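The structure appears right after this line, and notes come after that.
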Amino acid sequence: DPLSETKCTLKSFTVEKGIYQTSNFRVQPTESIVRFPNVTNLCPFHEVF
Amino acid sequence: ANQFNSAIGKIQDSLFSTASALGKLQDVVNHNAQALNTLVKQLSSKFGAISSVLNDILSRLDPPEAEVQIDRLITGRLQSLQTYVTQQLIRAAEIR
Amino acid sequence: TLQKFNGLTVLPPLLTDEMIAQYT
Amino acid sequence: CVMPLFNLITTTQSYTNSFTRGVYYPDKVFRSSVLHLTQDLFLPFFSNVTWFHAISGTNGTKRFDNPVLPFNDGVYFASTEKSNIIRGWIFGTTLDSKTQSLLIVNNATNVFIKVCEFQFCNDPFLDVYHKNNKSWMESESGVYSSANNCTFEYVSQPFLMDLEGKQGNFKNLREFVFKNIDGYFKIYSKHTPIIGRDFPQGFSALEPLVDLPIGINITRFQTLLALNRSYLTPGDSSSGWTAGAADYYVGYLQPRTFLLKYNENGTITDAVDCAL
Amino acid sequence: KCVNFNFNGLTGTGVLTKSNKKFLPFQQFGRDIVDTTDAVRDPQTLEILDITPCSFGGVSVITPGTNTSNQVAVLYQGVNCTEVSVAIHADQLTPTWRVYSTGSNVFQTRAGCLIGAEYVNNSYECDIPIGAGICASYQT
Amino acid sequence: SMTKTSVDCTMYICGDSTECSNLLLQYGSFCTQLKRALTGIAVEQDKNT
Ligand SMILES: *[C@@H]1O[C@H](CO)[C@@H](O[C@@H]2O[C@H](CO)[C@@H](O)[C@H](O)[C@H]2NC(C)=O)[C@H](O)[C@H]1NC(C)=O
Ligand SMILES: *[C@@H]1O[C@H](CO)[C@@H](O[C@@H]2O[C@H](CO)[C@@H](O)[C@H](O)[C@H]2NC(C)=O)[C@H](O)[C@H]1NC(C)=O
Ligand SMILES: *[C@@H]1O[C@H](CO)[C@@H](O)[C@H](O)[C@H]1NC(C)=O
Ligand SMILES: *[C@@H]1O[C@H](CO)[C@@H](O)[C@H](O)[C@H]1NC(C)=O
Ligand SMILES: *[C@@H]1O[C@H](CO)[C@@H](O)[C@H](O)[C@H]1NC(C)=O
Ligand SMILES: *[C@@H]1O[C@H](CO)[C@@H](O)[C@H](O)[C@H]1NC(C)=O
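Chains A, B, C, D, E and F, in that order, are what the protein sequence lines are.
Per my numbering, the very first residue in the first sequence carries number 1; after that it's consecutive.
Per my numbering, the very first residue in the second sequence carries number 1001; after that it's consecutive.
Per my numbering, the very first residue in the third sequence carries number 2001; after that it's consecutive.
Per my numbering, the very first residue in the fourth sequence carries number 3001; after that it's consecutive.
Per my numbering, the very first residue in the fifth sequence carries number 4001; after that it's consecutive.
Per my numbering, the very first residue in the sixth sequence carries number 5001; after that it's consecutive.
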C-alpha cells in the first residue's frame, strides 16, 4: 500500500505528517505491434527446387 | 497629485518599450527552458557507444558485449543529469 | 511568456497567480 | 565502338560561382519549422565549380567533349539542355573489366542501372538515331564491348522527366548529388525551370531519389553523350552526326556544417553555410 | 492505445493517433526540436501517425503522520482522474497498490488526481501543501 | 521564484529497459541524491514566493 511504500522509501517504520515523493507511476503497454512494408519480390526458390 | 498621475501614466509604456528591466524574469524562464531542452537532447548522444538507443544496442550485440555500450550510455546520461541538477542548485541559490 | 517526453516533469507552484494577485 | 570522324575541339573548362545551390535533405526525418544544424558532405556556399559545353556548330565543327573527371567524396552535377544530351553516367575505379563498375543510362522513358565489369572503349557513347526513318531509338553497341561478372541489375522508372515543354527556358535545370557512404550509393535530384538564361539565383533543396546497396569503391566518374544521325536542325542538308546545345557544371562535396531551415511543411526553405 | 511499436526497425512505446501532419513523399518518420520521434509513416498504408508517450508522472503520498493515523491520500501528478481511472480499470498503472475510490474520493487538482481526500468547500490555512492552491489536512 | 522541476532517473536514463535499469542499480544511491536536490529546490521556490 502507499503507506508501507513510503515507509520503505524513508527507510523507517514511522512516517511524520507531510507529502512524500514516493515513486513514478506509468501506464503500461497492452500489446506490441510491428509494421513492415511488404513481401517486396521474394526470392524464386521454387524455380531452383 | 498631477505629477504622480503623470508619472504613473508613463509606467505602462516605460516598462516594455525602454527594454532595460523586465528582462530578468524572461531570462529566468528562457534559462529553465534551455536547461530542460539540453537535458532531453543529451539522450541523442552516443557517448562513444554504438548508438544512443537502448534497443538498438540490445538487438545488435550479445549481452556481454552490449554491457560496455549500455554502461557508456548510463555514464553519459548520469553525467548529464548531474550537470543539470548542479546548475539548478546554483541558479536556485541565486534566485533565493 | 515563453521535455515532458522523457522523465522530466514540471510541478505547479503552491500559490496560483490568483493568490499572488490577492496578496498584492 | 565506332566513332565517326569529326573536327574535334578541346573541352573548355570555364569556372563559375556556385551561388547557394546543392542543398539536399540530409536524411528522411521530417521537421516542422525547425533550424537543424547538421554536419555533412555539402557543396560550400559561393563555391567555385567547373563548366563544360557540348554543341554542334554550323561550320562543320562539332564540340565533342568527353573529359575524365574525379569523384573524391561526393559530386554535384548540374545540366541545362533541350534534347537530353546527357544520357547517363559511369562510376568506377579503373573503368575496365578488371574491377566492378556502376553504369546508369536513361533510355527514353525507362532507366537502367548496372553494376558489372564492363569493357569500355576510348570514347564510349550511345547511338541514338532513326529506325525505318519513322522511329527514334537508341543502341548501346558503342557503350561497352562486353559485360561480364555482373552483380546488380536494375531497370525501372518509365519516366520521361522533361515533359512540360519549353515555355520559359527548357524547364531542364537538372540538379543531382551523388554520394558514396558506408557502402551505399545515394542519388539526390531536383528539376527546376530556368527563369532567365543560366544559373538563376535562388534556393531549392534536392530531394533524395535513389539508394543502392552496391558497396564497392568509387573514385572516377564520367558523363555520357550521344549523337543523332542528322535531321535535327530544319533546313540543313549536311548529312552528319550532330547534337543539340547543352551545358553542364560539376562541383564537389566538402565536409561542412549547415543550418537548414525546415518550414512548417517539412521542406527546406533556406540554409546557412557555417563557414562562409 | 498504449502499445509498443516497431516501424521498419524504429522501436518505441506510446499511443499512436491519426495525424494532420503531412510528410514529404520520401520522409519516413518525424522528429521534434529535441530530436525525439513524434510522427511515423505506416509502411503498408502510408498513413501518418502521431506518437504520444504513455502517460507517466510522480506519485506523492500524503500522510497525517503514522502515529496520528494510518490513512493516506495519493496524488498522481500531472494527469487527470479519467486517465488514472481508465488505467485502473485496465490494470495498467505501474504501482499495483491502487487506493480505494468511492466516487466521492477522486478529486481533480491542477497538480493532478488526488484520491483518498474528500474535498470540503470551506477554506482553511494550508497544512500539507499539495499544490496549485490546494492543501490537505487531517480533520473532521 | 523559478520553475520547479522533477526527474525520474530510471525513465530518463534507462527508459523501459529492464537490463539497463539492472546495471543502473549498481551505481547505488547516485539518483536518490538528485531527487532530493530537486525536491529541495521546489520547496525552496514555494518558500521564496
Ligand atoms: C504548406 O502546405 C499547406 C497545406 O497544404 C499549404 O496550405 C494550402 O495552400 C494552398 C495553396 O494553393 C491553399 O489553396 C490551401 O487552402 C492551403 N491550405 C491550408 C489548410 O491552409 C501551404 O501553402 C504550404 N506552404 C508552403 C510554403 O508550401
Ligand atoms: C503493401 O501491400 C498492401 C496489400 O494490401 C497494399 O495495400 C493496398 O494498397 C492499395 C494502394 O493504396 C489499396 O488500394 C489497397 O486497398 C490496399 N489493400 C488493402 C487490403 O488494404 C499496400 O499499399 C502495399 N504497400 C506499398 C508501399 O506498396
Ligand atoms: C575559382 O577558381 C579559379 C581558378 O583558380 C580562381 O581564380 C577563382 O578565384 C576561384 N573562385 C573562388 C570563389 O574561389
Ligand atoms: C528503349 O526505349 C525504346 C523506346 O521506347 C524501346 O523501344 C526500347 O526497347 C528500349 N530499350 C531497352 C533496352 O529497354
Ligand atoms: C577500396 O576501398 C577500400 C575500403 O576503403 C580501401 O581499403 C582500398 O584501398 C580501396 N581501393 C582503391 C583501389 O582505392
Ligand atoms: C483531463 O481530463 C479533463 C476532464 O475531462 C479535461 O478537462 C482535460 O483537458 C484533460 N487533460 C489534461 C491534460 O488535463
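Note that beta-carbon positions come from the ideal geometry of N, C-alpha and C, so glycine has one too.
Rounded distance between the beta-carbons of residue j and residue i, thought under 8 Å
i                          : j                            : result
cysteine 4002 (chain E)    : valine 27 (chain A)          : 5 Å
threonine 2009 (chain C)   : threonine 5005 (chain F)     : 7 Å
residue 1165 (chain B)     : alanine 1035 (chain B)       : Past the edges of chain B, shown from 1001 to 1096, lies residue 1165 (chain B), and the structure says nothing about it.
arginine 4041 (chain E)    : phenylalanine 4029 (chain E) : 7 Å
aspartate 3065 (chain D)   : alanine 3054 (chain D)       : 5 Å
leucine 1015 (chain B)     : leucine 1025 (chain B)       : Not quite, the Cβ-Cβ distance comes to about 12 Å (not below 8 Å), so this is no contact.
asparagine 3106 (chain D)  : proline 3158 (chain D)       : Incorrect: roughly 11 Å between the Cβ atoms, too far for contact.
residue 1107 (chain B)     : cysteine 5014 (chain F)      : Here chain B covers residues 1001 to 1096 and nothing more, so residue 1107 (chain B) does not appear.
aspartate 4038 (chain E)   : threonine 4017 (chain E)     : Not really, about 11 Å apart at Cβ, beyond 8 Å.
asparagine 3017 (chain D)  : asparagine 3059 (chain D)    : So it is not a contact: roughly 32 Å between Cβ atoms.
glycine 3142 (chain D)     : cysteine 3274 (chain D)      : Rounded, the Cβ-Cβ distance is 46 Å, inconsistent with contact.
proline 2013 (chain C)     : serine 5001 (chain F)        : 7 Å
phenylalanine 25 (chain A) : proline 4053 (chain E)       : That pair is no contact at about 13 Å.
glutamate 4083 (chain E)   : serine 4055 (chain E)        : 5 Å
Residue i, enclosing beta strand (DSSP E) - first and last residue
i                         : result
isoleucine 4033 (chain E) : No beta strand (DSSP E) contains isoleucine 4033 (chain E), which DSSP labels as neither H nor E.
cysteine 4135 (chain E)   : 4134 to 4136
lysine 4022 (chain E)     : Neither: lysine 4022 (chain E) is in no beta strand (DSSP E) and is coded neither H nor E.
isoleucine 3195 (chain D) : That residue, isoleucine 3195 (chain D), is in no beta strand (DSSP E); it is neither H nor E in DSSP.
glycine 4131 (chain E)    : 4128 to 4131
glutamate 2018 (chain C)  : First-last for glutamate 2018 (chain C): 2017 to 2023, but that is the alpha helix (DSSP H), not the beta strand (DSSP E).
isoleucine 3090 (chain D) : 3086 to 3092
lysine 3131 (chain D)     : 3126 to 3131
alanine 3226 (chain D)    : 3220 to 3229
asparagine 41 (chain A)   : Counting along the chain, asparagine 41 (chain A) falls outside any beta strand (DSSP E), and DSSP gives it neither H nor E.
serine 3139 (chain D)     : 3135 to 3139
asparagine 3017 (chain D) : 3014 to 3017
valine 2010 (chain C)     : 2008 to 2011
Residues that DSSP places opposite residue i in a beta bridge
i                            : result
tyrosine 4076 (chain E)      : E:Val4059, E:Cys4113
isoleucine 3009 (chain D)    : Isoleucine 3009 (chain D) pairs with nothing; no bridge assigned.
residue 2946 (chain D)       : The shown model of chain D, from 3001 to 3276, leaves out residue 2946 (chain D), and the question about it has no answer.
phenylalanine 25 (chain A)   : E:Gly4057
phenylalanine 3178 (chain D) : D:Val3075, D:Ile3187
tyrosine 3248 (chain D)      : D:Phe3052, D:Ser3079
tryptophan 4097 (chain E)    : In the DSSP output, where bridge partners are listed per residue, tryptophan 4097 (chain E) has none listed.
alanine 1049 (chain B)       : In the DSSP output, where bridge partners are listed per residue, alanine 1049 (chain B) has none listed.
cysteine 4002 (chain E)      : E:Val4015
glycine 18 (chain A)         : E:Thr4063
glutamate 3207 (chain D)     : D:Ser3189
residue 3278 (chain D)       : In this structure chain D extends from 3001 to 3276, so residue 3278 (chain D) is not present and cannot be described.
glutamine 4139 (chain E)     : Bridge partners of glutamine 4139 (chain E): none, in fact.
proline 3255 (chain D)       : D:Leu3041
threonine 4052 (chain E)     : E:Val4015
Run of the alpha helix (DSSP H) containing residue i, from where it starts to where it stops
i                            : result
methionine 5011 (chain F)    : 5009 to 5014
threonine 1075 (chain B)     : 1063 to 1095
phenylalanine 1004 (chain B) : 1002 to 1009
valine 4086 (chain E)        : 4081 to 4089
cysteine 8 (chain A)         : 2 to 10
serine 5021 (chain F)        : 5018 to 5024
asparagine 1030 (chain B)    : 1023 to 1041
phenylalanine 45 (chain A)   : 45 to 48
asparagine 5048 (chain F)    : 5032 to 5048
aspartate 1056 (chain B)     : 1054 to 1058
Of all residues in the structure, which have a C-beta closer than 5 Å to any heavy atom of ligand 4, taken in chain order? D:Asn3107, D:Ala3108
How would the residue list near ligand 6 read, in chain order, if you kept each one whose beta-carbon is closer than 6 Å to any heavy atom? This selection yields E:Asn4080, E:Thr4082.
Completely contained beta strand (DSSP E) runs for the segment 3037 to 3077 of chain D, where each covers 3 or more residues: 3048 to 3054
What does the shell around ligand 2 hold, if a residue joins when its beta-carbon is under 7 Å from any heavy atom? A:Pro37, A:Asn38, E:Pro4043, E:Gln4044, E:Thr4045, E:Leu4046
Let me have the residue list for ligand 3: C-beta closer than 5 Å to any non-hydrogen atom, ordered along the chain. Any heavy atom of ligand 3 within less than 5 Å of a residue's beta carbon puts that residue on the list, which reads D:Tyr3015, D:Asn3048.
Distance cut 6 Å, beta-carbon to ligand 5 heavy atom: residue list by chain order: D:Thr3093, D:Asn3217, D:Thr3219
Beta carbon shell of ligand 1 at less than 7 Å from a heavy atom: D:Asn3263, D:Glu3264, D:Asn3265, D:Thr3267, E:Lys4022
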